[PDB]
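Take a look at the structure set out below.
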Amino acid sequence: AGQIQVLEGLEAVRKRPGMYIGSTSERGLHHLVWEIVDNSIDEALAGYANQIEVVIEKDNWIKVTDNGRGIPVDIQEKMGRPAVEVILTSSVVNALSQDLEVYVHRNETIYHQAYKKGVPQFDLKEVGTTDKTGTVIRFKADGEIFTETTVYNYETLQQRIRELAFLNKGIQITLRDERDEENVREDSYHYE
Ligand SMILES: CCNC(=O)Nc1nc(CO)c(-c2ccc[nH]2)s1
């Protein structure tokens with residue numbers, strides 16, 4: 001019933017992307033990071049996280065990690081599906097990513113799910129145990145949407161990360177570039 005409406009939401013994001021993210025240029029590419037990063041910042045603001053890490057990985061994957069409570073995994077009654085799937089199958093980032101995955105550390109458990117263009121590739125799966133909580137999202141921007149470039153700009157990321165850390169004092173926000181294995185760069189910001 002409500003799975004029909006999830007599907008149509010994805011078709012709608014993918015047909016008119018600029019209506020959701022501003023554009024499909026370099027600016028909109030970087031806007032995907034901001035959308036993920038802002039959820040981590042809200043978690044810190046609610047009192048539950050103090051560390052966010054943004055990694056530019058090989059092939060221009062992005063990984064965003066925080067140490068908050070973990071996206072919830074409980075079964076929504078009205079979908080029959082785990083909360084984390086419901087939130088992610090209505091995410092613009094996910095819809096505009098050729099691939100994306102999520103790891104959630106919560107309830108001493110590591111849960112995992114993957115998607116392509118917003119569509120789950122399998123049911124949320126328990127994959128491990130943990131004594132931490134938090135959320136990891138890694139995603140690969142869709143080249144079919146972002147036709148100008150899918151290459152991130154370290155200084156573009158760094159300037160905005162430094163400004164977010166300055167504006168949201170008490171959060172440690174760390175940027176790392178790992179695209180070049182032989183020269184890894186990292187800048188780490190933590191005001192008060
Ligand atoms: C890597 C990006 N991080 C991230 O999304 N963190 C988040 N944590 C929580 C736990 O409250 C989130 C939440 C979504 C709906 C309810 N809770 S969303």
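Labels used: A, B, ... for chains in the order of the structure tokens, numbers from 1 for residues in each chain, and numbers from 1 for ligands as shown.
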Shell of 9 Å around ligand 1 (only C-alpha atoms and all ligand atoms), written as a ChimeraX atom specification: /A:35-44,46,48-49,52-54,63-72,83-84,87,102-104,134-138
Writing out the chosen residues with N, CA and C atoms as a compact mmCIF listing (two decimals), in the first residue's frame:
# COMPACT_ATOMS: atom_id res chain seq x y z
N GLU A 35 23.55 17.20 2.98
CA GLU A 35 22.33 16.51 3.39
C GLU A 35 22.56 15.40 4.41
N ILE A 36 23.66 14.66 4.25
CA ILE A 36 23.99 13.59 5.17
C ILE A 36 24.59 14.17 6.44
N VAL A 37 25.51 15.09 6.25
CA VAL A 37 26.18 15.77 7.36
C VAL A 37 25.20 16.48 8.31
N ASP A 38 24.23 17.19 7.75
CA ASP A 38 23.17 17.84 8.58
C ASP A 38 22.37 16.91 9.48
N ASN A 39 22.16 15.67 9.08
CA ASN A 39 21.48 14.70 9.97
C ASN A 39 22.37 14.34 11.19
N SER A 40 23.66 14.15 10.92
CA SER A 40 24.65 14.02 11.97
C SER A 40 24.72 15.23 12.91
N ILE A 41 24.66 16.43 12.36
CA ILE A 41 24.66 17.62 13.20
C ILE A 41 23.42 17.71 14.11
N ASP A 42 22.23 17.37 13.60
CA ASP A 42 20.99 17.33 14.43
C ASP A 42 21.14 16.37 15.60
N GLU A 43 21.62 15.16 15.31
CA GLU A 43 21.96 14.17 16.34
C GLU A 43 22.89 14.73 17.44
N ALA A 44 23.89 15.54 17.05
CA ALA A 44 24.81 16.18 18.02
C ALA A 44 24.07 17.25 18.83
N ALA A 46 20.81 17.31 19.46
CA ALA A 46 19.89 16.63 20.39
C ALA A 46 20.58 16.11 21.65
N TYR A 48 23.35 13.69 21.48
CA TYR A 48 23.71 12.25 21.43
C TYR A 48 25.00 11.88 20.68
N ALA A 49 25.59 12.83 19.95
CA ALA A 49 26.82 12.63 19.16
C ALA A 49 27.80 13.77 19.46
N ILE A 52 31.95 13.54 14.09
CA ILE A 52 31.46 13.25 12.73
C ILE A 52 32.73 13.11 11.89
N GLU A 53 32.73 12.17 10.96
CA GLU A 53 33.88 11.92 10.12
C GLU A 53 33.37 11.82 8.71
N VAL A 54 34.00 12.59 7.80
CA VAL A 54 33.73 12.58 6.40
C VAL A 54 35.02 12.11 5.71
N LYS A 63 32.00 8.55 2.64
CA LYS A 63 31.55 7.88 3.87
C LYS A 63 31.41 8.92 4.96
N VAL A 64 30.19 8.98 5.52
CA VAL A 64 29.90 9.85 6.67
C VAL A 64 29.55 8.93 7.86
N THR A 65 30.20 9.19 8.99
CA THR A 65 30.08 8.42 10.19
C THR A 65 29.80 9.44 11.32
N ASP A 66 28.85 9.12 12.21
CA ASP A 66 28.71 9.80 13.51
C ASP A 66 28.62 8.81 14.64
N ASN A 67 28.75 9.30 15.87
CA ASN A 67 28.68 8.43 17.06
C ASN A 67 27.43 8.65 17.91
N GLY A 68 26.29 8.88 17.26
CA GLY A 68 25.06 9.09 17.94
C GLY A 68 24.36 7.78 18.20
N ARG A 69 23.05 7.81 18.25
CA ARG A 69 22.26 6.66 18.73
C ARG A 69 22.07 5.58 17.71
N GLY A 70 22.27 5.88 16.43
CA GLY A 70 21.98 4.91 15.38
C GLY A 70 20.60 5.16 14.86
N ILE A 71 20.46 5.18 13.53
CA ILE A 71 19.14 5.23 12.96
C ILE A 71 18.32 4.03 13.50
N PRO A 72 17.07 4.26 13.93
CA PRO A 72 16.23 3.20 14.48
C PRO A 72 15.97 2.06 13.52
N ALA A 83 12.37 1.00 10.42
CA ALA A 83 12.43 2.44 10.33
C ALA A 83 13.56 2.91 9.41
N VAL A 84 14.76 2.30 9.54
CA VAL A 84 15.90 2.73 8.78
C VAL A 84 15.70 2.59 7.27
N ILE A 87 13.19 5.55 6.18
CA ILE A 87 13.88 6.83 6.14
C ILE A 87 14.79 6.92 4.91
N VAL A 102 24.31 1.49 4.41
CA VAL A 102 24.15 1.97 5.74
C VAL A 102 24.62 0.87 6.66
N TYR A 103 25.43 1.26 7.62
CA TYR A 103 25.65 0.44 8.79
C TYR A 103 25.09 1.19 9.98
N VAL A 104 24.30 0.50 10.81
CA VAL A 104 23.84 1.06 12.11
C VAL A 104 24.39 0.26 13.28
N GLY A 134 26.05 4.31 16.64
CA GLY A 134 26.12 5.37 15.64
C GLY A 134 25.74 4.93 14.26
N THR A 135 26.06 5.77 13.28
CA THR A 135 25.60 5.54 11.91
C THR A 135 26.67 5.81 10.92
N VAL A 136 26.77 4.87 9.97
CA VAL A 136 27.70 5.03 8.87
C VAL A 136 26.87 5.01 7.59
N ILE A 137 27.08 5.99 6.73
CA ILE A 137 26.47 5.99 5.37
C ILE A 137 27.63 6.14 4.39
N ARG A 138 27.75 5.22 3.43
CA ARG A 138 28.61 5.42 2.26
C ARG A 138 27.82 5.36 0.98
Near-residue 179 of chain A list (12 Å; only C-alpha atoms; drop same-chain fewer than 2 positions) as an MDAnalysis selection string: chainID A and resid 55:62 151:154 176:177 181:186
Best match for closeness to residue 112 of chain A among A:163, A:142, A:73, A:131, counting only C-alpha atoms: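 Selected residue with least distance to residue 112 of chain A: A:73.
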Alpha helix (DSSP H) per DSSP on the backbone: members of segment 13-187 of chain A, as a ChimeraX atom specification: /A:13-15,17-21,26-45,83-88,92-95,154-167
For atom CA of residue 95 of chain A and atom CA of residue 107 of chain A, the interatomic separation in Å (one decimal):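 About the pair atom CA of residue 95 of chain A and atom CA of residue 107 of chain A: they are 27.8 Å apart.
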Residue contacts of residue 147 of chain A (10 Å, only C-alpha atoms) excluding same-chain residues fewer than 2 positions away, as a list in words: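 Answer for this query is residues 24, 25, 26, 29, 142, 143, 144, 145, 149 and 150 of chain A.
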Output for the residues just chosen: N, CA and C atoms as a PDB file, in the first residue's frame:
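After the write, selection_14.pdb holds the following:
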ATOM      1  N   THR A  24      22.295  19.794 -10.843  1.00  0.00           N
ATOM      2  CA  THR A  24      23.036  18.554 -10.973  1.00  0.00           C
ATOM      3  C   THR A  24      24.514  18.787 -11.311  1.00  0.00           C
ATOM      4  N   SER A  25      24.949  20.037 -11.170  1.00  0.00           N
ATOM      5  CA  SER A  25      26.341  20.474 -11.374  1.00  0.00           C
ATOM      6  C   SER A  25      27.231  20.060 -10.186  1.00  0.00           C
ATOM      7  N   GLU A  26      28.474  20.560 -10.155  1.00  0.00           N
ATOM      8  CA  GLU A  26      29.370  20.329  -9.007  1.00  0.00           C
ATOM      9  C   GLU A  26      28.763  20.750  -7.658  1.00  0.00           C
ATOM     10  N   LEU A  29      26.353  18.085  -6.461  1.00  0.00           N
ATOM     11  CA  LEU A  29      27.162  16.910  -6.070  1.00  0.00           C
ATOM     12  C   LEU A  29      27.580  17.038  -4.580  1.00  0.00           C
ATOM     13  N   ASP A 142      25.244   9.222  -8.413  1.00  0.00           N
ATOM     14  CA  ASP A 142      24.830   8.624  -9.732  1.00  0.00           C
ATOM     15  C   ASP A 142      25.376   9.459 -10.892  1.00  0.00           C
ATOM     16  N   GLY A 143      26.276   8.883 -11.699  1.00  0.00           N
ATOM     17  CA  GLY A 143      26.841   9.565 -12.904  1.00  0.00           C
ATOM     18  C   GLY A 143      25.777   9.971 -13.925  1.00  0.00           C
ATOM     19  N   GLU A 144      24.704   9.154 -13.997  1.00  0.00           N
ATOM     20  CA  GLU A 144      23.481   9.398 -14.833  1.00  0.00           C
ATOM     21  C   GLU A 144      22.679  10.670 -14.484  1.00  0.00           C
ATOM     22  N   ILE A 145      22.728  11.086 -13.216  1.00  0.00           N
ATOM     23  CA  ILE A 145      22.181  12.382 -12.732  1.00  0.00           C
ATOM     24  C   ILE A 145      23.256  13.506 -12.803  1.00  0.00           C
ATOM     25  N   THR A 149      30.336  16.556 -13.360  1.00  0.00           N
ATOM     26  CA  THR A 149      31.400  15.878 -12.618  1.00  0.00           C
ATOM     27  C   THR A 149      30.869  15.008 -11.467  1.00  0.00           C
ATOM     28  N   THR A 150      31.582  13.920 -11.173  1.00  0.00           N
ATOM     29  CA  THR A 150      31.358  13.133  -9.925  1.00  0.00           C
ATOM     30  C   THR A 150      32.649  13.105  -9.050  1.00  0.00           C
TER      31      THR A 150
END
Interatomic distance, atom CA of residue 174 of chain A to atom CA of residue 139 of chain A (Å, one decimal):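 Result for atom CA of residue 174 of chain A versus atom CA of residue 139 of chain A: 17.8 Å, one decimal.
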Closest of A:76, A:51, A:111, A:119 to residue 165 of chain A - atom-to-atom distances counting only C-alpha atoms: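 Of all the options, A:51 lies closest to residue 165 of chain A.
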Between atom CA of residue 90 of chain A and atom CA of residue 146 of chain A - distance in Å to one decimal: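 Straight-line distance from atom CA of residue 146 of chain A to atom CA of residue 90 of chain A works out to 19.4 Å.
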Shortest interatomic distance to residue 124 of chain A - which of A:31, A:168, A:82, A:178, counting only C-alpha atoms: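 When distances to residue 124 of chain A are compared using only C-alpha atoms, the smallest one comes from A:82.
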